[PDB]
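Read through the structure below, which is laid out as structure tokens, and then see the notes.
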Amino acid sequence: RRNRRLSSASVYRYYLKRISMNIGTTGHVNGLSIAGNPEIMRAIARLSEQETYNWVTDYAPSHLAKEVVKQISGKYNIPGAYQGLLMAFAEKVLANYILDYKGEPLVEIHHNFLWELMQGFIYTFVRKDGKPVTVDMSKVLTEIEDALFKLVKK
Amino acid sequence: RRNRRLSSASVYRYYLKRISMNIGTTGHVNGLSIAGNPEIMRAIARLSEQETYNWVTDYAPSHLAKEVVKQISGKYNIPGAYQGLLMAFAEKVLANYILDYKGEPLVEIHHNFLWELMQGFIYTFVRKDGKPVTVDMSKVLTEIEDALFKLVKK
Amino acid sequence: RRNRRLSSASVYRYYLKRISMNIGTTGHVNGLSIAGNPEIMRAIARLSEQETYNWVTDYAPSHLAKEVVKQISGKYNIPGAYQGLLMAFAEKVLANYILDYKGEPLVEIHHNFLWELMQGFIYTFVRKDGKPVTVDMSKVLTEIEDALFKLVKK
Amino acid sequence: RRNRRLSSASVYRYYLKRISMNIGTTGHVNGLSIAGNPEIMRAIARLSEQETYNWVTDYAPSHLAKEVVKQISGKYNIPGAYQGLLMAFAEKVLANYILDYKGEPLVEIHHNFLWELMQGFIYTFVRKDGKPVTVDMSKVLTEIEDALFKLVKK
Amino acid sequence: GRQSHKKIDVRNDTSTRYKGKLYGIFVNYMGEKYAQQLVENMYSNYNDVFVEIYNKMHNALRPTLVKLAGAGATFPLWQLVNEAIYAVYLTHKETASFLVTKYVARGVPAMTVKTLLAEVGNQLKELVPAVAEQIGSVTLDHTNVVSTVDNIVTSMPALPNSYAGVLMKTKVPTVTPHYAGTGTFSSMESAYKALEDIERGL
Amino acid sequence: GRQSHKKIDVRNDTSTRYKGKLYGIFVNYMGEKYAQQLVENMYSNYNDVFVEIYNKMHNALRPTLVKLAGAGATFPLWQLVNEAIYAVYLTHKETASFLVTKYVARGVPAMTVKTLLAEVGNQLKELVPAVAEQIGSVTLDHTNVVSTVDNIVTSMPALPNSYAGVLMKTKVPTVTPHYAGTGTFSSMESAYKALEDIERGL
Amino acid sequence: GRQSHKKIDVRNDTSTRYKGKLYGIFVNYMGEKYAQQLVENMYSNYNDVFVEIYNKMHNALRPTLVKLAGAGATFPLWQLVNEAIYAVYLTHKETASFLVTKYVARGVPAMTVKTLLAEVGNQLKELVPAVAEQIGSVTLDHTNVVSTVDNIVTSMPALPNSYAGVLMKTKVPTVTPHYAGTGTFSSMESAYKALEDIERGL
DNA sequence: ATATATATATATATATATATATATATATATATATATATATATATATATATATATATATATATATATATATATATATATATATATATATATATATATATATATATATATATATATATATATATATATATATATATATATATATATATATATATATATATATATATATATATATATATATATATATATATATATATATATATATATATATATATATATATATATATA
DNA sequence: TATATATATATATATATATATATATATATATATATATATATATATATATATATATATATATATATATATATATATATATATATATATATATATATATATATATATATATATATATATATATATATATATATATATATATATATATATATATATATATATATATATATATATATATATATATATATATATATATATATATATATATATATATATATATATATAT
């Protein structure tokens, strides 16, 4: 799916698509007869509503992470691809460590994602003014690390 | 199935899947004709509703057991795996002993589950701060035992 | 589709045609039954509404670009074909450079679209008075460039 | 369609027929269900209204052209057929030349329509009194040209 | 920005897209069977006119358009070939002077227009008999095309566009690409069609 | 401006367009089956009158119309031939003097009108037996057309348009184009029809 | 967290997933038969363009991408190969200077870019005849690729994307992998397909 | 302020129990009887309408004719031209969404495991019971038909005769004549196909060689189970 | 039949090319042999169709009666035959149901996590696609709209009269059907009312107290 900024449209899309999936689920073969019944129809409607509500409520943290990643990237003039990559990184470090804390230390994941970003870690970027700039991957990674801990008030 | 924290979504999921099973049940072969008639449809809907209501009313004790096991694990910093294991233990011990009292003394189940947990009973866990800690299985087992007795006030 | 100046007619057209697409989407096969239920009908209506609203809100910049290109062409007595072509050019340059800045210098796009317009860049035009006139493609390209930055106050 | 002088009845006819076309458009197959909903019905009503309003707003110039052609023909005792033909000519010349100025000088269109009217261009007509009269096509053609330029104040 | 790069052309499905969409529209006017026959006839007419003339001409002239004014800005040339096929040939409504004047006014070099007119004539004469007979056996070139076409157009008065629409091919039958003589070359395209249905179990 | 270039004619779908649109309109008056039968009969009558007479005449005379007064401004010729088939033939309501007076009053050269009247007679006598007998075996020409036609029309009184409407062909059967003799030439047209349904699985 | 590890690629079912989902969508536009033909044609086109070009290119290049910048963050390299296949080859819209400038601006080492251009050209010349003829018989390298490609792009103006879309493979037939010469190797893949249906009783 | 909690307490009324008892009204029985109805018979008679005939007229309307003309709109042509849309192609370019790639993550579900528990059902077994209906036996009557008999009589139908007579189609002669097919000649043509040559060149096969190599199965050995 | 390898023998397959024999195909023309198709007129051979009548043959249909063979029906009673209903208990058989536990199987559910499957979602570039939108013009196709006239088709309208079919209206009487209305009495079904007492059910009302529930009023802290 092409990139689309989050909006109510996405909510409604998920809503209707889960409607289709659930009407498929219930009447495993007799989909038509279940489609004709208005009572089970209201049931499926409310189910899909609850499901969308769940999915929304458990997504705002990743939204905040992507937000701060966007702010940092804008402050460092980083191309969009790497902005998305750092969004994913922040999501990882909040989920596996900050929320549930699977058994792994931070700097370990840091070096993991570092080897992910190698080719090696100080990338040269040409701004719109033509002034080339360089940024260390490990630094900015560590930079958003603390910035994340600042958000959650860890 | 993957872990999903209990919510109304689960209620409706079980509801609709019971609809499917019941419409399969009644019209053993003539599922289509039964699916077309709205009267038996209402009957099946109400049956599935009653059945979900049953399954709900007979699950809150296990929910409370899992809750208190979660609290204890949080107080003792145990990884999720063993948290679920002790949830299952609490469910077992409340079911077979506290409610129905099958013919077995408590410490018997205790040692049974102890042999279940061996490899041997004082596991070391490394907290998020880097401070390793150790906890005795038999102790915390006995600990949640009385704690369970406190909930039902047994 | 033929040329039509933008007006509310287009808004409503997009609205209704998106209704058609969405009712197609939800009831992947059971289009009829989903079409009969008024609740999902209201859902689809509101979804198409939000979708049109998104599409409108993210189109005004293109409208302004086409407007200024119209003004410039009218001032320079340029036939409709090249008016549309320069509208498309201004659209491209504001999109890839002014807003997102994919990593390319403006003059690069300038020469790209220059080769796009070759045959070589000073075309002769016969006004309604019979007075032939000539205009340089590259110059007027650079001209609307500056005007473009003037609008967004870049 | 037979000749009918433009009047409000025509506006309403266009309105309702566009209603039919729009209800046909939205529910590509599920026309019935869409026909049952009053909301999409209100939407379609407003769309058809906007479309008729558009079509009206973009017709008054042609009305003026037909009017002045009627005046000239009445002044020169011309049978209805050629009056309609000259109405068409005037609308053509104002559209392609006066309004958008497609790339062609006036006299070129003049000679084109001249070859259109040949058989050669001085036609004899019998008035109601029995007095035959003759009129040159090219002259009265050029005549309404200037007359047209008077209207728009070109 | 730069969402995608759309392409517009006859994709061997424009038939079905046209048919299905207009069917869906007209069902609410006709009912099933009437709308079915209506869209069938509509597309058949649209095919045998627009495809057979304009699409073949566009396919033939595309390479030379790229050679002359290789660009996305060949749209005015498309205007020119369309008007040439309609306004000048098959209607005798305008002379070469009009097109050359118009398109030099639009910024097109004259000899380019002359060349394009020459080739579109040289091929339309193969596509349509009556035009070939009106022009006779004269090879068109940017040196001689203007005088010849001006003679041909002035010799005839303005023709009714009913000729340009349907009747022109309707009255006269032609050699099929499923025949001997010079009708033994193209069915390759149609050939695939057959294969298709056999694979679909059709 | 110059949005499109429309063309108006019988396009092998006017049957379907007429039937479907009027069916849709009338179903709100009769109900399904009655409206169906109604549109069936309506189009059948419209066919056997208007097509068989006027459309054949138009297709025959279009070439000569172009040769004579080639123009988009050929409408007066069209209304001329329409009135000729209606007002003079099949009704004897007016003499050639009326039409020639009217159309020279409208600015038409008289001998052109005479030629057209001659030809419409020469073909209508092929289409309709009764007129062929009324005129007899006389080839019409702009030198003799007015005399003969005026003799005929003055000889007969004003006829009730019930003749020109339906009954004329209703009472008398003719040789089919599916017969021997002089009915062995045209079914090619109908032939296509057959092929069509076979391709549609019909 | 850490729900799963999704993998996105052509999994021998994207054909069926595409066809089925779009069929389900379009039935409410067309009806069964029309929507069926529609999805058939649509997927056929999508296959013969995107699969044949981009998927083969990606499958060939993936190992080298890993060798150079082994990472999940080869994402810019994929963007680069897409731009190269579309923007430069098959269109001559931009010269290698633009790509190298843009991607070093994005933080990519220049010689890596030159390398990738070399290999993608070396493969596309095998896939598409026209590009092979435009480049001729020259092996590309990060020492010489930029000069040759810039020569070619300067030689040809911006082409209409209609070339890059469909027409390119449409006009010219190629040797099948069901032939002699250089087309006698790949039936392995196709073979599996056949085997499948036989086991499915199909 | 209004309203919601966190304790204590009123009065007040909203209901609900916990007993006894009223009066009042909501129904219901229990008998007797009214009165007023709602119908229904039972006869007689109206009156008013709903229809229907039984004749003769109207007016009014619904259609249809029977001619002439409108105007109006439904379509269709006839030509020129618009305007608005339905699509389509031309080229360029956005945004939106719908599916597919090309990487990184989510969350959410559809599954599948990986262990531990539930709970709920789907079956199964392990003993003891039910009630229920499925049948079957062990003694008796209902409709109930399912037949059969055992007499009489219908009516109805299936046929068959026993006469006369239709009409209808099944064929067959008798004569004349169509039109439509089925094949056959009688000449001149096509188109299409079946083949056969007449050269060429493919493509796909069926084999046969010409070296190499697989896998596969047909056997045969060379040891072993 | 497997397990290791090696043969011959031949079954295919795929490698590269070459023959031969074919099966098609397209290339151009020419034959022959056919299959159709016309284009005009002749055959004999059905195939119907007529249009006239006459046969024999049978398909039905009547008209009257008589049989025979049946299909039902009713009248009365008698059997066997099996169906299914009740009346008594007993079986087997299996349908559920419940009572306690134990299984296996599976439907979900939750508890931790881990896979994979695809379902969507959010972060940047390529597809076919349609969603369109524009922005520029050009088409065909069409929906409409004019602008002049001409048709056919049917929608009404008016003009004059004539039909037919209806809708009412009236003018006299006569029906049947019905809605009521009386006029006598008698039923039945009710709707209430009364007169006596008794219920059950619920509407309140007391008289004492007790609940929950919530309606407001009386002491300090939060939304």
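Chains as they are written, first to last, in full-length UniProt numbering: chain A, 3 to 121, 133 to 167; chain B, 3 to 121, 133 to 167; chain C, 3 to 121, 133 to 167; chain D, 3 to 121, 133 to 167; chain E, 3 to 204; chain F, 3 to 204; chain G, 3 to 204.
Where a beta carbon is used, it is the ideal one built from N, C-alpha and C, also for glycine.
Tell me whether the beta-carbon of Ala75/E lies closer than 9 Å to the beta-carbon of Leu154/C. The residue labelled residue 75/E in the question sits at position 73 within the fifth sequence. The residue labelled residue 154/C in the question sits at position 141 within the third sequence. Contact: no.
Answer with yes or no whether the minimum CB distance from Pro111/F to chain D is below 9 Å. The residue given as residue 111/F occupies position 109 in the sixth sequence. Yes, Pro111/F counts as interfacial toward chain D.
Which residues mark the beginning and the end of the alpha helix (DSSP H) in which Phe115/D is found? Within the fourth sequence, residue 115/D is the residue found at index 113, counting from 1. That run of the alpha helix (DSSP H) goes 108 to 119.
From this set, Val177/F, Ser192/F, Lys69/F, which residue's C-alpha is nearest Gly185/F's C-alpha? Here the question's residue 185/F lines up with position 183 in the sixth sequence. Ranking the options by Cα distance to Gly185/F, first place goes to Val177/F.
Looking at C-alpha atoms only, which residue of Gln121/A, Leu101/A, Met150/A, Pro145/A is the closest neighbour of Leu164/A? As a first step, residue 164/A must be located in the first sequence, where it is residue number 151. Ranking the options by Cα distance to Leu164/A, first place goes to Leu101/A.
Cα separation between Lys68/A and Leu67/G? By one-based count along the first sequence, residue 68/A stands at place 66. By one-based count along the seventh sequence, residue 67/G stands at place 65. Roughly 27 Å between the two C-alpha positions.
Return the residues of the stretch 17 to 44 of chain F that lie within a Cβ-Cβ distance of less than 8 Å from chain E, sorted by chain order. Within the stretch 17 to 44 of chain F, the qualifying residues are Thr18, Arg19, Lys21, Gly22, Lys23, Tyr25, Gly26.
Stretch pair the stretch 54 to 72 of chain A + the stretch 91 to 99 of chain A: three plus CB contacts closer than 8 Å: The stretch 54 to 72 of chain A makes contact with the stretch 91 to 99 of chain A: 3 or more CB pairs, one atom from each, lie closer than 8 Å.
Establish whether the CB of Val148/C and some CB of chain D are separated by less than 9 Å. Position 135 of the third sequence, counted from the start, is the residue given in the question as residue 148/C. It does not: the Cβ of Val148/C has no partner Cβ on chain D nearer than 9 Å.
Can you check DSSP and say which residues form a bridge with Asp102/D? By 1-based counting over the fourth sequence, the position of residue 102/D is 100. Paired residues: none, contrary to the question.
Give the interface partners of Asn56/C over in chain A, defined as CB-CB distance under 8 Å, in chain order. On the third sequence, position 54 is the one that residue 56/C refers to. Going along chain A in sequence order, the residues near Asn56/C (Cβ under 8 Å) are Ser9, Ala11.
CB contact check: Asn32/D to chain G, cutoff 9 Å: For the purposes of this step, residue 32/D is taken as the residue at position 30 of the fourth sequence. Yes, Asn32/D lies at the interface with chain G (some Cβ there is under 9 Å from its Cβ).
Please tell me whether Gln52/A has its Cβ less than 9 Å away from any Cβ of chain G. What you label residue 52/A is simply residue 50 of the first sequence in a count that begins at 1. Not closer than 9 Å to any Cβ of chain G, the Cβ of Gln52/A fails to qualify, so no.
Please classify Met89/D as buried or exposed, where buried requires at least 16 neighbouring CB atoms within 10 angstroms. In the fourth sequence, counting from the first residue as 1, residue 89/D sits at position 87. With 16 or more Cβ atoms within 10 Å of its Cβ, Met89/D is classed as buried.
Of the listed residues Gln81/F, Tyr194/F, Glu201/F, nearest to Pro175/E (C-alpha basis): Residue mapping note: residue 175/E aligns to position 173 of the fifth sequence, counting from 1. Closest in C-alpha terms to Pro175/E, from the list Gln81/F, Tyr194/F, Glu201/F, comes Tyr194/F.
Looking at the C-beta of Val83/F, does it have a partner C-beta in chain D at a distance below 9 Å? Taking the first residue of the sixth sequence as position 1, residue 83/F is located at position 81. Cβ-Cβ to chain D under 9 Å: no for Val83/F.
Residue 239/E touches chain D at which residues, Cβ-Cβ below 8 Å? Residue 239/E cannot be examined here, being either before or after the span of chain E that is shown, 3 to 204.
Among the residues of its own chain, which have a CB less than 7 Å from the CB of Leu70/E, if the five just before and after it don't count? Position 68 of the fifth sequence, counted from the start, is the residue given in the question as residue 70/E. Hits under 7 Å: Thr114.
Against chain F, with Cβ distances strictly below 9 Å, would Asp102/D count as a contact? For the purposes of this step, residue 102/D is taken as the residue at position 100 of the fourth sequence. The C-beta of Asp102/D comes closer than 9 Å to at least one C-beta of chain F.
How long is the line joining the alpha carbons of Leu129/E and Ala62/E, rounded to whole angstroms? Against the fifth sequence, residue 129/E aligns to sequence position 127. Against the fifth sequence, residue 62/E aligns to sequence position 60. One alpha carbon belongs to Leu129/E, the other to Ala62/E, and they sit about 12 Å apart.
Find the residues of chain C that neighbour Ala98/E, judging by a C-beta separation of less than 9 Å, and give them in chain order. Residue 98/E sits at position 96 when you count from the first residue of the fifth sequence. Result: empty, since nearest Cβ-Cβ is about 17 Å, beyond 9 Å.
Just checking my contact of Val148/F with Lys116/F at CB under 8 Å: how many whole Å lie between their CB atoms? Taking the first residue of the sixth sequence as 1, we reach residue 148/F at position 146. Taking the first residue of the sixth sequence as 1, we reach residue 116/F at position 114. For a cut-off of 8 Å, the C-beta gap from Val148/F to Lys116/F is around 6 Å, short enough to register as a contact.
Would you tell me roughly how many angstroms separate the C-alpha atoms of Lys23/F and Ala37/E, rounded to the nearest one? Position 21 of the sixth sequence holds residue 23/F. Position 35 of the fifth sequence holds residue 37/E. Counting only the Cα atoms, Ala37/E lies some 10 Å from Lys23/F.
When Cβ atoms are compared, which residues of the stretch 83 to 115 of chain C fall closer than 7 Å to chain E? Within the stretch 83 to 115 of chain C, the residues whose Cβ lies closer than 7 Å to some Cβ of chain E are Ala83, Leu87, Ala97, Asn98, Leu101, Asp102, listed in chain order.
Cα separation between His112/C and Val71/C? Locating residue 112/C in the third sequence gives position 110, where the first residue counts as 1. Locating residue 71/C in the third sequence gives position 69, where the first residue counts as 1. Each residue's Cα considered, the two are about 16 Å apart.
Could you check if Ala62/B is buried or exposed, using at least 16 other CB atoms within 10 Å of its CB as the buried criterion? As a working note, residue 62/B is residue 60 in the second sequence. Label assigned to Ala62/B: exposed.
Can you pull the DSSP bridge partners for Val148/D? Numbered from its first residue, the fourth sequence carries residue 148/D at position 135. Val148/D is bridged to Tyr136/D.
Of the residues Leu49/A, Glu118/A, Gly38/A, which one's Cα is nearest the Cα of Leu34/C? Taking the first residue of the third sequence as 1, we reach residue 34/C at position 32. Nearest Cα to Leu34/C within the set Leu49/A, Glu118/A, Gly38/A: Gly38/A.
Does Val83/G come out as helix, strand or coil in the three-state DSSP assignment? As a working note, residue 83/G is residue 81 in the seventh sequence. Helix.
For a contact defined as C-beta to C-beta under 7 Å, what are the partners of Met120/C on chain E? As a working mapping, residue 120/C is identified with position 118 in the third sequence. Within 7 Å of the CB of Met120/C, the CB atoms of chain E belong to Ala73, in sequence order along the chain.
At least one CB of chain D closer than 9 Å to the CB of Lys104/E: is that the case? Taking the first residue of the fifth sequence as position 1, residue 104/E is located at position 102. At least one beta carbon of chain D lies nearer than 9 Å to the beta carbon of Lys104/E.
So what does DSSP say about residue 231/F, is it helix, strand or coil? Because chain F spans 3 through 204 in this model, residue 231/F falls outside it and cannot be assessed.
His180/F to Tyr48/F span [Cα, whole Å]: Along the sixth sequence, one-based indexing puts residue 180/F at 178. Along the sixth sequence, one-based indexing puts residue 48/F at 46. The C-alpha of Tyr48/F is placed about 21 Å away from the C-alpha of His180/F.
Can you tell which of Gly72/G, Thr93/G, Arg108/G, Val155/G has the C-alpha that lies nearest to the C-alpha of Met170/G? Here the question's residue 170/G lines up with position 168 in the seventh sequence. Comparing Cα-Cα distances from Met170/G to each of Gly72/G, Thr93/G, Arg108/G, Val155/G, the minimum goes to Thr93/G.
Can you tell me where the alpha helix (DSSP H) with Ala83/D in it begins and where it stops? For the purposes of this step, residue 83/D is taken as the residue at position 81 of the fourth sequence. Element bounds for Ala83/D: 82 to 95.
Exposure label - residue 129/D; buried when at least 16 CB within 10 Å: Residue 129/D cannot be located in this model; chain D continues from 121 straight on to 133.
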